[PDB]
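The block underneath contains the structure these notes are about, expressed in structure tokens.
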Amino acid sequence: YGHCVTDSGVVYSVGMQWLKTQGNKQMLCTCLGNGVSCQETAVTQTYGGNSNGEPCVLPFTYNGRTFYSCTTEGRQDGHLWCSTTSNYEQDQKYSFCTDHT
């Protein structure tokens, strides 16, 4: 009835995007309306960019929002990129991402 719970105790809320692990793999879990879905891996391969590819540091904050993985909200081209420094608004250290092609 709105609130989202993973049966683990975490009483999320309809729209409290979060991140869940599998004791080895990463996975972003979110509660929409029909239930609770997630994004396997979440992250993506990083090449060149500003960090020549490296372990991003998400979920980070950009433009005032948050991103648990790559994103193209910082450009008008469509190239996926991520952050490698908790402080991207100070360092600007970011990397790109493929995902598809």
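Here, A, B, ... name the chains of the structure tokens in the order displayed, residue numbers run from 1 inside each chain, and ligands are numbered from 1 in the same displayed order.
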
Who sits within 10 Å of residue 86 of chain A, only C-alpha atoms, same chain under 2 positions skipped, as a list in words |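 The filter keeps residues 56, 57, 58, 59, 60, 61, 83, 84, 88, 89, 90, 91, 92 and 93 of chain A.
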
Residues within 12 Å of residue 75 of chain A, only C-alpha atoms, excluding chain neighbours under 6 positions, as a list in words = residues 62, 63, 81, 82 and 96 of chain A

What is the distance between atom CA of residue 53 of chain A and atom CA of residue 80 of chain A, in Å to one decimal?
->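 Distance between the two atoms: 12.1 Å.
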
Compile a residue-level contact table for segment 30-98 of chain A against segment 5-19 of chain A at a cut-off of 9 Å, reporting for every qualifying residue the shortest atom pair and its distance in Å to one decimal, with only C-alpha atoms counted, rows ordered by chain and ascending number, as a Markdown table.
| residue | atom | partner | partner_atom | distance |
| --- | --- | --- | --- | --- |
| A:30 | CA | A:17 | CA | 4.3 |
| A:31 | CA | A:14 | CA | 5.6 |
| A:32 | CA | A:14 | CA | 5.9 |
| A:33 | CA | A:14 | CA | 6.6 |
| A:35 | CA | A:14 | CA | 8.9 |
| A:36 | CA | A:6 | CA | 8.3 |
| A:38 | CA | A:19 | CA | 8.1 |
| A:39 | CA | A:19 | CA | 8.8 |
| A:42 | CA | A:19 | CA | 8.8 |
| A:59 | CA | A:19 | CA | 8.6 |
| A:68 | CA | A:19 | CA | 7.6 |

Using only C-alpha atoms, find the one residue out of A:85, A:97, A:78, A:20 that sits nearest to residue 37 of chain A.
-> A:20
